[PDB]
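The structure appears right after this line, and notes come after that.
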Amino acid sequence: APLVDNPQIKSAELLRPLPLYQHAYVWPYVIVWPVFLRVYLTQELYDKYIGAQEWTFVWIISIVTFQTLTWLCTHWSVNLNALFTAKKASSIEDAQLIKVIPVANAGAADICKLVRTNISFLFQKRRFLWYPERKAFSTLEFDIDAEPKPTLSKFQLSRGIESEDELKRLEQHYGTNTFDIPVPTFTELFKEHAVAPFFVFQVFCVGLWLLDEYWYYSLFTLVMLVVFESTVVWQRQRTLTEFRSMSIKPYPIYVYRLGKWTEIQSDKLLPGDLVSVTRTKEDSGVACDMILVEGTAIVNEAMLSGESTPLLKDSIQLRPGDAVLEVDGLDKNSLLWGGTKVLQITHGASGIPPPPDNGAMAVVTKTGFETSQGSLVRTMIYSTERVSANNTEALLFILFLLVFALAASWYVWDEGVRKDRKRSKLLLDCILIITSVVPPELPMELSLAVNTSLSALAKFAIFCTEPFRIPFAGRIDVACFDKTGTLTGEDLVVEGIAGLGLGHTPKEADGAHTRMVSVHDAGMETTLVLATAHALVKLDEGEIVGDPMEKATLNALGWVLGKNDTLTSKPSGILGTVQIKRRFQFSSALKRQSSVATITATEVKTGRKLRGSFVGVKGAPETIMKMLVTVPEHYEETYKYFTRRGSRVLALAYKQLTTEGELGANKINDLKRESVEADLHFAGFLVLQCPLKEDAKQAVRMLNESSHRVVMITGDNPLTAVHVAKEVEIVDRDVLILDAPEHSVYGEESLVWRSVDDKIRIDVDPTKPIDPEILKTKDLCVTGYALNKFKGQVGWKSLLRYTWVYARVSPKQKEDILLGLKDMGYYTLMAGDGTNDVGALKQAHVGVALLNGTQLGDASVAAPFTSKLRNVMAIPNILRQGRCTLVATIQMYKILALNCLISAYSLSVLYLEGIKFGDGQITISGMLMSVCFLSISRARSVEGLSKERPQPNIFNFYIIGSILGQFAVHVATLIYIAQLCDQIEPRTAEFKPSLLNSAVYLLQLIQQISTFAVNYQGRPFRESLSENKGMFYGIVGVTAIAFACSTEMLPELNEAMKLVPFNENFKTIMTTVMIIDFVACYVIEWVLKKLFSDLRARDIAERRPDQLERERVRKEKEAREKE
Ligand SMILES: Nc1ncnc2c1ncn2[C@@H]1O[C@H](COP(=O)(O)OP(=O)(O)NP(=O)(O)O)[C@@H](O)[C@H]1O
Ligand SMILES: [Mg+2]
């Protein structure tokens, strides 16, 4: 819509509210009320149209029903609210209401209120302001969000807010800095929930049963509806409370307001306000997004990204003030994001005095609900696709049930018309028959199953942010995995330093130098690079924190770490002091990390005094071989041999900028990234044996043997990824790597299929399609370079269908892989840890962030699913719960509808003969069905996954066929019992006990019990009926009650429900009929479950016969070893 210029807003219309007397649910019904009044009190129209006082009551009920329906249509439909309440008056200068309809599956539509001079409104707790130059409502624009990018001179010399009237203008404009989610009480939430259409339908059914003189049954179902809606309201309140726990509590911060330092809570924070950041306390990150002006902040973005590696946010005072701000470039580490824990504040411009507490100066950019964590919280709460939104499949199923209802009700209306019954009683019977089929809990059953799955998943420390991806986990075809941090533990051990003799020794046939010296016996330059090229920082308490790889190589180095970013070695191969002056941070797209430092290092055995400035860079060996001077002979073969064993290899390089002396202050030290990560020498290879997680192999073999495909997406080498995937059993056949034959600047021009042992070499033109022999008989590994060369070609859709290891991929390449896998129709799971997967975690159908730590807030916004533990077994469990979710939904979609259908036709078999159900009988039947529902609701899951897959859709052949077959069996037994009862006694108004009423009541009781016992899903996805002995005994108790009052063994139970005594031959025939009905229902359900319930695995997840034979042999061996 041009009125609101946002991508998530579909329609916007500037309404104007009308008075209450002009409302469309008031004025025409007030107009037509005296017509009915003149019909009623004035005679000669009493017999003209209505004819009776019961018809008068029917017309009064119909008019009141139409009035309350026209009132409720303004509440359960936004467009009908705009039609019936407010006139259009499409002009900006007089509008007061804005109808906002968002795009599909992006929250609930609303009629927002215009508040104003700045014209604004609030939709989904997002503030929209009217711009007259654009002539449209739009999202709030900050100083950062300006289209001309501001210079740093307005940020270094910001000096805080300097005007009181401008402070009040900022307060009225951007609002206060709070996570404004209002949790509702029980009263207003139940008031909103009592206006929902299925509550209205249930209350209308209660009134219909009350009109037919059913006191106890209507009271029971009203009490049950009240407590069920109370349960739903408490569930929604609990969910909103756990969402409210994600908010940062206010804590006193020192801001610079009116030229003075002032302590104030974090609820009052406006953009452009100068603030001082210190060490944050527990259960609090920082409030809102800031940019560092003066100081260095060691922060931890465990909220925005899954990993807990602390980054080193620098300042902007070293950058010139005339430079254009680059949020995605040099000043990426300049900003500080909200919700993130700052681990340290160190000082290593505007003339302002320093803060009383030793903190860094920052400027607020994005405050309130529009900060990045807050903008994710707004999407996760108000702008998400809700589980409780009524699907069209459930409504079409309800319409199918209503089609069956009308099929029964038309026949009972024709039979009552032909037999000349009372038309009001016949109409009430037909409306009762129609209304006894729609199950009011049916559209909300998926939400209940999702909530039960969330409560089950919270046991394994798995917290789900967006609960509409729980059914998606029931239909996952591809289960993508990261390698490092997901299938690999964080306790890395340094194997050592390799390739010291490159260009200067055991050599293989391909020339690979296998001499791996230890870190202590390494050279001086290798030791200085390992002491220089890291992002390690010592906290004020005295704990070294950083990358686990950098911590591992620090512990292998034997060098202590000082206070002012210095590292010393006391009298281990060399002795001296290094001090890092500038530090270029590591990026996943660059695959390197460099640092400029000052060295004073002496070798203990020869001397060789190395002083002065130094550049140490470590990274991926292909990038380093691209950016050094002279590539040594057999460079590629060394790292390919040390990667063929599965170890992770980095390259270390050094460059002396000034040699003897010093570089000179920080004026020269402000160099460029591309001007210092070039013309390098070679220092060595850092080889680390990254250890596999203990649960990785078991979880991946559980996923592969359960109709899921496991692929590996990782930024590491092809050989490490291939060796891990062979250990974890992702790749079974011979593998082929699609990569450049040489990773130099000239050799990166063609693509080659290569073997791991470097024996097969096949040239590939990327425009030509892939050879089908390679796709069919070989597993494939694809490098991100070869993926980038396959961006817009025909073979790419082949590659994503036949590759299970992706290596050397950028985060954008992981996003491209997951988008392409989404585009082919495969549902995707992505399990990731680092900041290289946050694009991938938000593009998969379900994304899990594996927080590597072993023993509501502190839940990351990087992924919709967050596993607090480090185990890989949290990945199948989610999928298991997802499958169970669908399975639970399926069983309720097979029970409730069938239950209602039975009840409807039972009423029909009564209402064909003029007899009605007893009040006590139908109340006892409803109580027993509620008892069986409570008995069947409590069921856990099995300890493993299965090859069968549940059907996601509800209109499949299995569910519809089973329901139709069981309904046909039930209606055949009901018709036969009715004909037998008419045969025994002829048919010739209060409730009087009869043989037909007792037989129909006993049949509907035993048929509801039979469809509870038959349609319960069992062994392939959950426990069986016999295993939950509480559930089995609860079903068997009602079974024994029904069969005891059917055998006439207890006359007290038969006289309690007003059941006539039965003839012995009739009793035997009816017991045989009940057994035949239960047996036929179980046979039909078992046949249709064995035939059509198993949703077939897709072609990417189908396994070859040798894999199935190996799986069967291993399962037989484990079953033998169990004995
Ligand atoms: N601290 C580091 N310093 C230098 N280079 C690094 C560092 N960490 C990773 N790299 C390199 O960056 C490359 C790709 O970046 P990245 O994807 O972040 O590593 P990764 O964690 O192994 N990928 P992944 O397995 O998906 O988590 C790796 O193959 C390493 O060579
Ligand atoms: Mg990772």
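Ordering of the structure tokens sets the chain letters (A, B, ...), residue numbers begin anew at 1 in every chain, and ligands are numbered from 1 in the order given.
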Could you give me, as a tab-separated table, a per-residue list for chain A showing, wherever an atom lies at most 8 Å from an atom of ligand 2, the closest pair of atoms and their distance in Å to one decimal, using only C-alpha atoms and all ligand atoms and sorting by chain then residue number from low to high?
```
residue	atom	partner	partner_atom_place_in_ligand_line	distance
A:307	CA	ligand 2	1 (Mg)	7.6
A:482	CA	ligand 2	1 (Mg)	6.3
A:483	CA	ligand 2	1 (Mg)	6.7
A:484	CA	ligand 2	1 (Mg)	4.6
A:485	CA	ligand 2	1 (Mg)	4.7
A:486	CA	ligand 2	1 (Mg)	6.6
A:714	CA	ligand 2	1 (Mg)	7.7
A:832	CA	ligand 2	1 (Mg)	6.2
A:833	CA	ligand 2	1 (Mg)	4.8
A:834	CA	ligand 2	1 (Mg)	4.1
A:835	CA	ligand 2	1 (Mg)	7.2
A:836	CA	ligand 2	1 (Mg)	6.7
A:837	CA	ligand 2	1 (Mg)	7.3
```
Selected residues written out with C-alpha atoms, as a compact mmCIF listing (two decimals), in the first residue's frame:
```txt
# COMPACT_ATOMS: atom_id res chain seq x y z
CA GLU A 307 28.55 -18.41 19.59
CA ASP A 482 27.78 -27.30 10.70
CA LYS A 483 31.09 -29.02 11.36
CA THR A 484 33.08 -26.90 13.83
CA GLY A 485 31.13 -26.25 17.02
CA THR A 486 28.24 -28.52 16.02
CA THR A 714 31.09 -25.74 6.71
CA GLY A 832 24.76 -24.06 13.74
CA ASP A 833 26.84 -22.33 16.39
CA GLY A 834 28.92 -19.45 15.06
CA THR A 835 28.26 -16.10 13.43
CA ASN A 836 28.82 -17.70 10.01
CA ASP A 837 25.44 -19.46 10.24
```
_If DSSP is run on the backbone, what residues of stretch 764-850 of chain A are helix (DSSP H, G or I)? A reply as a ChimeraX atom specification would be ideal._
/A:772-777,784-789,796-802,811-823,838-841
Find the residue from A:323, A:861, A:446, A:136 that sits nearest to residue A:374; use only C-alpha atoms when measuring.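 When distances to residue A:374 are compared using only C-alpha atoms, the smallest one comes from A:861.
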How far is it from atom CA of residue A:303 to atom 13 (C, counted along the ligand's line) of ligand 1, in Å with one decimal?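 About the pair atom CA of residue A:303 and atom 13 (C, counted along the ligand's line) of ligand 1: they are 22.4 Å apart.
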Worksheet item: Could you pull out all residues of stretch 662-694 of chain A with a DSSP call of strand (DSSP E) and give them as a PyMOL selection string?
Response: chain A and resi 684-689
Expressed in Å, the length from atom CA of residue A:700 to atom 21 (O, counted along the ligand's line) of ligand 1 is 19.4 Å
Contact residues around residue A:943 with only C-alpha atoms at 9 Å, ignoring same-chain residues under 2 positions, as a ChimeraX atom specification
/A:877,941,945,1022
Using only N, CA and C atoms, please write the residues we just selected to a file, as a PDB file, in the first residue's frame.
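part-v8.pdb was written with the following content:
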```
ATOM      1  N   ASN A 877      16.005 -35.031  18.645  1.00  0.00           N
ATOM      2  CA  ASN A 877      14.927 -34.983  19.631  1.00  0.00           C
ATOM      3  C   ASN A 877      13.858 -33.977  19.233  1.00  0.00           C
ATOM      4  N   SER A 941       6.894 -39.856  24.533  1.00  0.00           N
ATOM      5  CA  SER A 941       7.384 -40.352  23.257  1.00  0.00           C
ATOM      6  C   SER A 941       8.385 -41.480  23.474  1.00  0.00           C
ATOM      7  N   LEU A 945      14.057 -42.445  16.931  1.00  0.00           N
ATOM      8  CA  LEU A 945      13.348 -42.045  15.726  1.00  0.00           C
ATOM      9  C   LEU A 945      13.031 -43.267  14.867  1.00  0.00           C
ATOM     10  N   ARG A1022       5.064 -43.326  19.150  1.00  0.00           N
ATOM     11  CA  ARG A1022       4.818 -43.124  20.574  1.00  0.00           C
ATOM     12  C   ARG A1022       4.757 -44.486  21.253  1.00  0.00           C
TER      13      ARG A1022
END
```
Give me the residues within 9 Å of residue A:237 as a PyMOL selection string, counting only C-alpha atoms and dropping any in the same chain fewer than 4 places off. chain A and resi 183-186+189+232-233+241-242
Output of the above residues as a short mmCIF file (atom, residue, chain, number, x, y, z; two decimals), in the first residue's frame, restricted to N, CA and C atoms:
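Saved as out-v8.cif:
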```cif
data_model
loop_
_atom_site.label_atom_id
_atom_site.label_comp_id
_atom_site.auth_asym_id
_atom_site.auth_seq_id
_atom_site.Cartn_x
_atom_site.Cartn_y
_atom_site.Cartn_z
N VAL A 183 1.67 -7.47 29.43
CA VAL A 183 1.07 -8.76 29.79
C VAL A 183 -0.34 -8.50 30.31
N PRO A 184 -1.35 -9.20 29.79
CA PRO A 184 -2.72 -8.98 30.26
C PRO A 184 -3.07 -9.87 31.44
N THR A 185 -4.06 -9.43 32.20
CA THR A 185 -4.56 -10.21 33.32
C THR A 185 -5.53 -11.28 32.81
N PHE A 186 -6.09 -12.04 33.75
CA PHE A 186 -7.07 -13.06 33.38
C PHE A 186 -8.37 -12.44 32.88
N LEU A 189 -8.00 -10.80 29.15
CA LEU A 189 -7.69 -11.86 28.20
C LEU A 189 -8.86 -12.82 28.03
N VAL A 232 -6.60 -22.31 28.17
CA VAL A 232 -6.02 -21.64 27.00
C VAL A 232 -5.54 -20.23 27.35
N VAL A 233 -6.31 -19.51 28.17
CA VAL A 233 -5.94 -18.16 28.58
C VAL A 233 -4.70 -18.19 29.47
N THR A 241 4.31 -14.18 29.36
CA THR A 241 5.19 -13.92 30.49
C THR A 241 6.63 -14.35 30.18
N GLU A 242 6.80 -15.50 29.53
CA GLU A 242 8.13 -15.92 29.10
C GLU A 242 8.69 -15.01 28.02
#
```
May I have the residues within 10 Å of residue A:611 as a ChimeraX atom specification, using only C-alpha atoms and disregarding those fewer than 6 positions away in the same chain?
-> /A:576-578,598-602,656,658-662
Just to be explicit: take each residue in the selection above, keep C-alpha atoms, and write the result as an mmCIF file, in the first residue's frame.
```cif
data_model
loop_
_atom_site.group_PDB
_atom_site.id
_atom_site.type_symbol
_atom_site.label_atom_id
_atom_site.label_comp_id
_atom_site.auth_asym_id
_atom_site.auth_seq_id
_atom_site.Cartn_x
_atom_site.Cartn_y
_atom_site.Cartn_z
ATOM 1 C CA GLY A 576 60.768 -11.560 24.691
ATOM 2 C CA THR A 577 57.786 -9.237 24.776
ATOM 3 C CA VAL A 578 55.140 -8.685 22.110
ATOM 4 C CA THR A 598 55.791 -4.492 18.487
ATOM 5 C CA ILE A 599 58.275 -7.289 19.187
ATOM 6 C CA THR A 600 61.448 -7.646 21.240
ATOM 7 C CA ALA A 601 62.218 -11.356 20.813
ATOM 8 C CA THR A 602 65.516 -13.250 21.099
ATOM 9 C CA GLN A 656 58.405 -7.045 9.119
ATOM 10 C CA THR A 658 60.087 -1.534 9.851
ATOM 11 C CA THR A 659 62.615 -4.243 10.931
ATOM 12 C CA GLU A 660 65.004 -2.662 13.446
ATOM 13 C CA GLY A 661 63.478 0.272 15.314
ATOM 14 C CA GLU A 662 59.755 0.995 15.583
#
```
### Query
So which residues touch stretch 621-628 of chain A within 7 Å, counting only C-alpha atoms, skipping near sequence neighbours fewer than 5 positions away, as a list in words?
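Answer for this query is residues 650, 651, 677, 678, 679, 680, 681, 743, 744 and 745 of chain A.
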For those residues, write C-alpha atoms to a file as a PDB file, in the first residue's frame.
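Saved as selection16.pdb:
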```
ATOM      1  CA  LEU A 650      45.695 -22.978   9.383  1.00  0.00           C
ATOM      2  CA  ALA A 651      48.481 -21.001   7.732  1.00  0.00           C
ATOM      3  CA  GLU A 677      47.628  -8.336   4.316  1.00  0.00           C
ATOM      4  CA  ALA A 678      49.890  -8.653   1.274  1.00  0.00           C
ATOM      5  CA  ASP A 679      53.573  -9.099   0.350  1.00  0.00           C
ATOM      6  CA  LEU A 680      53.973 -11.546   3.238  1.00  0.00           C
ATOM      7  CA  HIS A 681      56.543 -14.230   3.969  1.00  0.00           C
ATOM      8  CA  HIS A 743      44.282 -22.197  -5.318  1.00  0.00           C
ATOM      9  CA  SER A 744      46.627 -19.487  -6.632  1.00  0.00           C
ATOM     10  CA  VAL A 745      45.484 -16.390  -8.530  1.00  0.00           C
TER      11      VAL A 745
END
```
Quiz item: If you count only C-alpha atoms, which residues fall within 10 Å of residue A:540, apart from same-chain ones fewer than 5 positions away, as number ranges by chain?
Solution: A: 279, 343-346, 563
Now that the selection is made, can you save its residues with N, CA, C and O atoms as a PDB file, in the first residue's frame?
```pdb
ATOM      1  N   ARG A 279      31.472  -2.315  32.805  1.00  0.00           N
ATOM      2  CA  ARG A 279      31.249  -3.754  32.875  1.00  0.00           C
ATOM      3  C   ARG A 279      29.805  -4.026  33.279  1.00  0.00           C
ATOM      4  O   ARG A 279      29.345  -3.553  34.323  1.00  0.00           O
ATOM      5  N   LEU A 343      32.047  -7.628  28.170  1.00  0.00           N
ATOM      6  CA  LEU A 343      32.892  -8.351  29.109  1.00  0.00           C
ATOM      7  C   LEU A 343      33.971  -7.486  29.740  1.00  0.00           C
ATOM      8  O   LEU A 343      34.425  -7.804  30.845  1.00  0.00           O
ATOM      9  N   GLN A 344      34.395  -6.416  29.071  1.00  0.00           N
ATOM     10  CA  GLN A 344      35.425  -5.547  29.630  1.00  0.00           C
ATOM     11  C   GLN A 344      35.339  -4.176  28.973  1.00  0.00           C
ATOM     12  O   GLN A 344      34.886  -4.049  27.834  1.00  0.00           O
ATOM     13  N   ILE A 345      35.781  -3.154  29.702  1.00  0.00           N
ATOM     14  CA  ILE A 345      35.911  -1.799  29.180  1.00  0.00           C
ATOM     15  C   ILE A 345      37.344  -1.349  29.428  1.00  0.00           C
ATOM     16  O   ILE A 345      37.805  -1.353  30.575  1.00  0.00           O
ATOM     17  N   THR A 346      38.049  -0.967  28.363  1.00  0.00           N
ATOM     18  CA  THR A 346      39.417  -0.490  28.496  1.00  0.00           C
ATOM     19  C   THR A 346      39.596   0.765  27.657  1.00  0.00           C
ATOM     20  O   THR A 346      38.898   0.969  26.662  1.00  0.00           O
ATOM     21  N   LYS A 563      48.406  -7.128  30.781  1.00  0.00           N
ATOM     22  CA  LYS A 563      47.213  -6.311  30.974  1.00  0.00           C
ATOM     23  C   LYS A 563      46.895  -5.453  29.754  1.00  0.00           C
ATOM     24  O   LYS A 563      45.762  -5.466  29.263  1.00  0.00           O
TER      25      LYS A 563
END
```
Could you check the closest approach to residue A:471 for each of A:953, A:983, A:1063, A:163 and tell me which residue wins, using only C-alpha atoms?
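Ranking A:953, A:983, A:1063, A:163 by distance to residue A:471, first place goes to A:953.
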Checklist line | Closest of A:572, A:704, A:798, A:613 to residue A:775 - atom-to-atom distances counting only C-alpha atoms | finding: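 Comparing A:572, A:704, A:798, A:613 against residue A:775, the winner is A:798.
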Shortest contact to residue A:1076, candidates A:846, A:1003, A:663, A:222, atoms counted only C-alpha atoms, goes to A:1003
